[PDB]
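K.L.:
Provided below: coords_4.cif, containing mmCIF, C-alpha atoms and all ligand atoms.
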```
data_target
#
loop_
_atom_site.label_atom_id
_atom_site.label_comp_id
_atom_site.auth_asym_id
_atom_site.auth_seq_id
_atom_site.Cartn_x
_atom_site.Cartn_y
_atom_site.Cartn_z
CA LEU Q 1 0.00 0.00 0.00
CA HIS Q 2 1.00 3.61 -0.36
CA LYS Q 3 0.04 7.00 0.98
CA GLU Q 4 -1.25 9.74 -1.32
CA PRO Q 5 -1.78 13.42 -0.71
CA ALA Q 6 -5.06 14.92 0.15
CA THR Q 7 -6.13 18.22 1.69
CA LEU Q 8 -8.80 18.63 4.36
CA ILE Q 9 -12.00 20.22 3.08
CA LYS Q 10 -13.86 19.47 6.33
CA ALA Q 11 -14.20 17.04 9.15
CA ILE Q 12 -17.68 15.44 9.19
CA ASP Q 13 -17.86 12.94 12.07
CA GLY Q 14 -15.83 10.23 13.78
CA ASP Q 15 -15.21 8.07 10.70
CA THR Q 16 -16.03 10.35 7.69
CA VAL Q 17 -13.98 13.27 6.42
CA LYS Q 18 -14.29 15.47 3.32
CA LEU Q 19 -10.96 15.70 1.58
CA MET Q 20 -9.66 17.02 -1.70
CA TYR Q 21 -8.13 14.07 -3.52
CA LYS Q 22 -6.46 14.44 -6.90
CA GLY Q 23 -8.07 17.88 -7.06
CA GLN Q 24 -11.62 16.65 -6.49
CA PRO Q 25 -13.76 16.88 -3.36
CA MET Q 26 -14.89 13.60 -1.87
CA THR Q 27 -16.20 12.16 1.32
CA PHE Q 28 -13.96 9.46 2.76
CA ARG Q 29 -15.17 6.76 5.09
CA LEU Q 30 -12.41 5.25 7.19
CA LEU Q 31 -11.65 1.67 6.46
CA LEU Q 32 -11.95 -0.97 9.21
CA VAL Q 33 -13.65 1.04 11.97
CA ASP Q 34 -16.97 2.21 13.23
CA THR Q 35 -17.38 5.33 15.35
CA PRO Q 36 -20.69 6.05 17.12
CA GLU Q 37 -23.04 8.36 15.24
CA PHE Q 38 -22.96 11.95 16.66
CA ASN Q 39 -26.34 11.37 18.40
CA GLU Q 40 -24.97 8.22 20.18
CA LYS Q 41 -22.84 8.00 23.35
CA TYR Q 42 -19.19 8.90 22.52
CA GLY Q 43 -20.13 10.21 19.02
CA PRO Q 44 -19.40 13.86 19.74
CA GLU Q 45 -16.12 12.85 21.38
CA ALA Q 46 -15.27 10.67 18.34
CA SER Q 47 -16.16 13.48 15.95
CA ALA Q 48 -14.04 15.92 18.03
CA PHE Q 49 -11.10 13.54 18.12
CA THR Q 50 -11.01 12.94 14.36
CA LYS Q 51 -11.64 16.72 13.67
CA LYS Q 52 -8.61 17.76 15.77
CA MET Q 53 -6.41 15.15 14.22
CA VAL Q 54 -7.08 15.99 10.56
CA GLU Q 55 -7.30 19.78 11.10
CA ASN Q 56 -4.22 20.11 13.26
CA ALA Q 57 -2.03 18.02 10.97
CA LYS Q 58 0.37 19.67 8.57
CA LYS Q 59 -0.23 16.82 6.12
CA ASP Q 60 -3.24 14.56 5.69
CA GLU Q 61 -2.83 11.49 3.44
CA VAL Q 62 -5.06 8.73 2.10
CA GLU Q 63 -4.12 5.13 1.67
CA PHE Q 64 -6.27 2.82 -0.40
CA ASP Q 65 -6.20 -0.84 0.28
CA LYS Q 66 -6.18 -3.58 -2.35
CA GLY Q 67 -9.93 -3.88 -2.96
CA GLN Q 68 -12.82 -1.50 -3.48
CA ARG Q 69 -11.94 2.17 -3.34
CA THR Q 70 -15.53 3.51 -3.14
CA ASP Q 71 -18.58 2.33 -1.30
CA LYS Q 72 -22.14 2.00 -2.45
CA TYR Q 73 -22.82 5.55 -1.33
CA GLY Q 74 -19.95 7.00 -3.46
CA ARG Q 75 -17.72 7.53 -0.37
CA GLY Q 76 -14.04 6.85 -0.82
CA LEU Q 77 -12.74 3.91 1.21
CA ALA Q 78 -9.27 4.46 2.60
CA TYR Q 79 -7.03 4.63 5.68
CA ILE Q 80 -6.44 8.30 6.61
CA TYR Q 81 -3.14 9.55 8.08
CA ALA Q 82 -2.57 12.80 9.91
CA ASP Q 83 1.14 13.73 10.02
CA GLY Q 84 1.84 10.01 9.52
CA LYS Q 85 -0.50 8.83 12.36
CA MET Q 86 -3.35 6.59 11.18
CA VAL Q 87 -6.61 8.06 12.29
CA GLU Q 88 -8.13 4.57 12.67
CA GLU Q 89 -5.45 3.41 15.08
CA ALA Q 90 -5.68 6.60 17.18
CA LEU Q 91 -9.47 6.34 17.48
CA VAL Q 92 -9.41 2.64 18.30
CA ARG Q 93 -6.58 2.98 20.81
CA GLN Q 94 -8.71 5.57 22.67
CA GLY Q 95 -11.81 3.50 22.78
CA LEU Q 96 -13.56 5.89 20.37
CA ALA Q 97 -14.08 3.40 17.55
CA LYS Q 98 -14.48 -0.34 17.20
CA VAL Q 99 -12.82 -2.50 14.56
CA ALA Q 100 -15.68 -3.16 12.13
CA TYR Q 101 -16.58 -3.63 8.45
CA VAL Q 102 -13.69 -5.96 7.86
CA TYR Q 103 -14.19 -7.13 4.38
CA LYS Q 104 -11.98 -9.62 2.52
CA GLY Q 105 -10.21 -7.51 -0.14
CA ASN Q 106 -9.60 -4.50 2.04
CA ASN Q 107 -8.27 -5.61 5.41
CA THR Q 108 -4.51 -4.91 5.34
CA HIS Q 109 -4.36 -3.14 8.71
CA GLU Q 110 -6.83 -5.39 10.60
CA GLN Q 111 -4.43 -6.93 13.05
CA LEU Q 112 -2.77 -3.53 13.96
CA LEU Q 113 -6.22 -2.19 14.73
CA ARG Q 114 -7.27 -5.27 16.67
CA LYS Q 115 -4.11 -4.95 18.79
CA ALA Q 116 -5.01 -1.31 19.53
CA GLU Q 117 -8.60 -2.33 20.38
CA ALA Q 118 -7.43 -4.96 22.79
CA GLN Q 119 -5.34 -2.32 24.68
CA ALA Q 120 -8.32 0.09 24.79
CA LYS Q 121 -10.55 -2.71 26.01
CA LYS Q 122 -7.92 -3.59 28.66
CA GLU Q 123 -7.87 0.05 29.85
CA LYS Q 124 -11.65 0.14 29.81
CA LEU Q 125 -11.49 3.33 27.68
CA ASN Q 126 -14.59 5.28 26.65
CA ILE Q 127 -16.71 2.81 24.56
CA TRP Q 128 -15.29 -0.01 26.74
CA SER Q 129 -15.97 1.68 30.10
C1 LIG Q 201 -16.44 0.89 6.20
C2 LIG Q 201 -17.27 0.45 5.07
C3 LIG Q 201 -18.63 0.68 5.04
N1 LIG Q 201 -19.38 0.31 4.05
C4 LIG Q 201 -20.83 0.45 4.02
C5 LIG Q 201 -21.45 -0.78 4.77
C6 LIG Q 201 -22.64 -0.16 5.48
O1 LIG Q 201 -23.84 -0.18 4.66
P1 LIG Q 201 -25.34 0.04 5.24
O2 LIG Q 201 -25.49 1.56 5.23
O3 LIG Q 201 -26.00 -0.54 4.10
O4 LIG Q 201 -25.50 -0.39 6.64
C7 LIG Q 201 -22.26 1.30 5.65
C8 LIG Q 201 -21.81 1.70 7.06
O5 LIG Q 201 -21.29 3.02 7.07
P2 LIG Q 201 -21.55 3.99 8.30
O6 LIG Q 201 -21.00 3.28 9.51
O7 LIG Q 201 -20.80 5.22 7.86
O8 LIG Q 201 -23.00 4.17 8.30
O9 LIG Q 201 -21.25 1.55 4.78
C9 LIG Q 201 -18.80 -0.45 3.00
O10 LIG Q 201 -19.57 -0.85 2.03
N2 LIG Q 201 -17.49 -0.68 2.98
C10 LIG Q 201 -16.68 -0.33 3.98
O11 LIG Q 201 -15.48 -0.59 3.98
CA CA Q 202 -20.42 5.20 12.01
#
```
Output the file's structure as structure tokens, nothing else.
P.N.:
Amino acid sequence: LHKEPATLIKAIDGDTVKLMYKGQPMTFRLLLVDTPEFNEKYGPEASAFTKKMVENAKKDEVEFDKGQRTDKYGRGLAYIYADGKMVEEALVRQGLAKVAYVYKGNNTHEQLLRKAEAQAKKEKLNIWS
């Protein structure tokens, strides 16, 4: 896999971000995680966490996996990095997202995220409290 440039257009919620990619605006849904919706417990805190990450970073990047690059809703499907930190791993490590939506062609970083989730679960963080 490889990282590609993108620029923040705007943070949306815990696991969706609008980015400019190859000069075109698109909504990206983070691969391999599920954050609560904003109206659910820990949703605002997830949305806040992701917003800070992607806004504060000097450099946001996208990384497609090996399978589908867009979902049925036209959202891009990628891992997102903020100054080289994977947004998925940060959220999961903090108990603000669960590993989820692990589909067969697009699961390169599953075990990294599962490891992070196990540590969050151990610490009883947020969603696991
Ligand atoms: C993360 C991800 C979600 N999706 C689809 C499955 C779910 O469809 P349904 O809407 O049909 O439940 C939906 C969940 O996204 P949200 O968690 O953003 O709602 O997005 C994929 O198709 N591929 C993926 O990699
Ligand atoms: Ca969600």
K.L.:
Considering only C-alpha atoms and all ligand atoms, tabulate each residue of chain Q that lies at most 8 Å from ligand LIG 201 (chain Q) along with its nearest interatomic pair and the corresponding distance in Å to one decimal; arrange the rows by chain and ascending residue number and present them as a Markdown table.
P.N.:
```
| residue | atom | partner | partner_atom | distance |
| --- | --- | --- | --- | --- |
| Q:15 | CA | Q:LIG201 | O7 | 6.9 |
| Q:16 | CA | Q:LIG201 | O7 | 7.0 |
| Q:29 | CA | Q:LIG201 | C1 | 6.1 |
| Q:30 | CA | Q:LIG201 | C1 | 6.0 |
| Q:31 | CA | Q:LIG201 | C1 | 4.9 |
| Q:32 | CA | Q:LIG201 | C1 | 5.7 |
| Q:33 | CA | Q:LIG201 | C1 | 6.4 |
| Q:34 | CA | Q:LIG201 | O6 | 5.6 |
| Q:35 | CA | Q:LIG201 | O6 | 7.2 |
| Q:37 | CA | Q:LIG201 | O6 | 7.9 |
| Q:68 | CA | Q:LIG201 | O11 | 8.0 |
| Q:70 | CA | Q:LIG201 | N2 | 7.7 |
| Q:71 | CA | Q:LIG201 | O10 | 4.7 |
| Q:72 | CA | Q:LIG201 | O10 | 5.9 |
| Q:73 | CA | Q:LIG201 | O9 | 7.5 |
| Q:77 | CA | Q:LIG201 | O11 | 6.0 |
| Q:100 | CA | Q:LIG201 | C1 | 7.2 |
| Q:101 | CA | Q:LIG201 | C1 | 5.1 |
| Q:102 | CA | Q:LIG201 | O11 | 6.9 |
| Q:103 | CA | Q:LIG201 | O11 | 6.7 |
| Q:106 | CA | Q:LIG201 | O11 | 7.3 |
```
K.L.:
Quick one: write out the picked residues with C-alpha atoms as a CSV table (one decimal), in the coordinates of the input?
P.N.:
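The result, stored in out14.csv:
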```csv
chain,number,residue,atom,x,y,z
Q,15,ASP,CA,-15.2,8.1,10.7
Q,16,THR,CA,-16.0,10.4,7.7
Q,29,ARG,CA,-15.2,6.8,5.1
Q,30,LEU,CA,-12.4,5.2,7.2
Q,31,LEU,CA,-11.6,1.7,6.5
Q,32,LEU,CA,-12.0,-1.0,9.2
Q,33,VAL,CA,-13.6,1.0,12.0
Q,34,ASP,CA,-17.0,2.2,13.2
Q,35,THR,CA,-17.4,5.3,15.4
Q,37,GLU,CA,-23.0,8.4,15.2
Q,68,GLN,CA,-12.8,-1.5,-3.5
Q,70,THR,CA,-15.5,3.5,-3.1
Q,71,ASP,CA,-18.6,2.3,-1.3
Q,72,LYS,CA,-22.1,2.0,-2.4
Q,73,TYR,CA,-22.8,5.6,-1.3
Q,77,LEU,CA,-12.7,3.9,1.2
Q,100,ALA,CA,-15.7,-3.2,12.1
Q,101,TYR,CA,-16.6,-3.6,8.4
Q,102,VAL,CA,-13.7,-6.0,7.9
Q,103,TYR,CA,-14.2,-7.1,4.4
Q,106,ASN,CA,-9.6,-4.5,2.0
```
K.L.:
Would you compute the distance between CA of residue 20 in chain Q and CA of residue 7 in chain Q? Give it in Å to one decimal.
P.N.:
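That distance, rounded to one decimal, is 5.0 Å.
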K.L.:
Determine the nearest neighbour of residue 119 in chain Q from the options Q:58, Q:10, Q:98, Q:104, counting all atoms listed in the file.
P.N.:
Q:98
K.L.:
Figure out the distance between CA of residue 99 in chain Q and CA of residue 121 in chain Q, please, to one decimal in Å.
P.N.:
11.7 Å
K.L.:
Do a neighbour search on residue 124 in chain Q at 10 Å with only C-alpha atoms, toss out local chain neighbours closer than 6 positions, and write the hits as a list in words.
P.N.:
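Neighbouring residues, sequence-local ones excluded: residues 94, 95 and 118 of chain Q.
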K.L.:
Name the residues in contact with residue 108 in chain Q at a cut-off of 12 Å, using all atoms listed in the file, excluding same-chain residues fewer than 3 positions from it; report them as a PDB file with C-alpha atoms, in the frame of the given file.
P.N.:
```pdb
ATOM      1  CA  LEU Q   1       0.000   0.000   0.000  1.00  0.00           C
ATOM      2  CA  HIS Q   2       1.000   3.610  -0.360  1.00  0.00           C
ATOM      3  CA  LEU Q  31     -11.650   1.670   6.460  1.00  0.00           C
ATOM      4  CA  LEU Q  32     -11.950  -0.970   9.210  1.00  0.00           C
ATOM      5  CA  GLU Q  63      -4.120   5.130   1.670  1.00  0.00           C
ATOM      6  CA  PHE Q  64      -6.270   2.820  -0.400  1.00  0.00           C
ATOM      7  CA  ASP Q  65      -6.200  -0.840   0.280  1.00  0.00           C
ATOM      8  CA  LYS Q  66      -6.180  -3.580  -2.350  1.00  0.00           C
ATOM      9  CA  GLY Q  67      -9.930  -3.880  -2.960  1.00  0.00           C
ATOM     10  CA  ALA Q  78      -9.270   4.460   2.600  1.00  0.00           C
ATOM     11  CA  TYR Q  79      -7.030   4.630   5.680  1.00  0.00           C
ATOM     12  CA  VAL Q 102     -13.690  -5.960   7.860  1.00  0.00           C
ATOM     13  CA  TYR Q 103     -14.190  -7.130   4.380  1.00  0.00           C
ATOM     14  CA  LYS Q 104     -11.980  -9.620   2.520  1.00  0.00           C
ATOM     15  CA  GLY Q 105     -10.210  -7.510  -0.140  1.00  0.00           C
ATOM     16  CA  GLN Q 111      -4.430  -6.930  13.050  1.00  0.00           C
ATOM     17  CA  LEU Q 112      -2.770  -3.530  13.960  1.00  0.00           C
ATOM     18  CA  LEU Q 113      -6.220  -2.190  14.730  1.00  0.00           C
ATOM     19  CA  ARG Q 114      -7.270  -5.270  16.670  1.00  0.00           C
TER      20      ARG Q 114
END
```
K.L.:
Please provide as a PyMOL selection string all residues within 7 Å of residue 42 in chain Q, with the sequence filter that same-chain residues fewer than 6 positions apart are discarded (counting all atoms listed in the file).
P.N.:
chain Q and resi 36+96+127
K.L.:
Work out how far apart CA of residue 75 in chain Q and CA of residue 26 in chain Q are and give it in Å to one decimal.
P.N.:
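A separation of 6.9 Å between them.
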K.L.:
Identify which of the residues Q:8, Q:17, Q:54, Q:82 lies closest to ligand CA 202 (chain Q), counting only C-alpha atoms and all ligand atoms when measuring atom-to-atom distances.
P.N.:
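Ranking Q:8, Q:17, Q:54, Q:82 by distance to ligand CA 202 (chain Q), first place goes to Q:17.
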K.L.:
Take every atom of range 104-115 of chain Q listed in the file, pad by 4 Å on each side, and give me the axis-aligned box centre and edge lengths in Å, one decimal, as AutoDock Vina command-line options.
P.N.:
```
--center_x -7.4 --center_y -5.9 --center_z 9.3 --size_x 17.2 --size_y 15.4 --size_z 26.9
```
K.L.:
Do you know which residues are at most 9 Å from residue 4 in chain Q counting all atoms listed in the file, after dropping those on the same chain fewer than 6 positions away, and could you put them as an MDAnalysis selection string?
P.N.:
chainID Q and resid 21:22 60:64
K.L.:
Just the selected residues (C-alpha atoms), exported as a PDB file, keeping the file's coordinate frame, please.
P.N.:
```pdb
ATOM      1  CA  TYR Q  21      -8.130  14.070  -3.520  1.00  0.00           C
ATOM      2  CA  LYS Q  22      -6.460  14.440  -6.900  1.00  0.00           C
ATOM      3  CA  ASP Q  60      -3.240  14.560   5.690  1.00  0.00           C
ATOM      4  CA  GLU Q  61      -2.830  11.490   3.440  1.00  0.00           C
ATOM      5  CA  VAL Q  62      -5.060   8.730   2.100  1.00  0.00           C
ATOM      6  CA  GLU Q  63      -4.120   5.130   1.670  1.00  0.00           C
ATOM      7  CA  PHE Q  64      -6.270   2.820  -0.400  1.00  0.00           C
TER       8      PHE Q  64
END
```
K.L.:
Have a look at Q:13, Q:110, Q:55, Q:45 and name the one nearest to ligand CA 202 (chain Q); count only C-alpha atoms and all ligand atoms.
P.N.:
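Among Q:13, Q:110, Q:55, Q:45, it is Q:13 that comes nearest to ligand CA 202 (chain Q).
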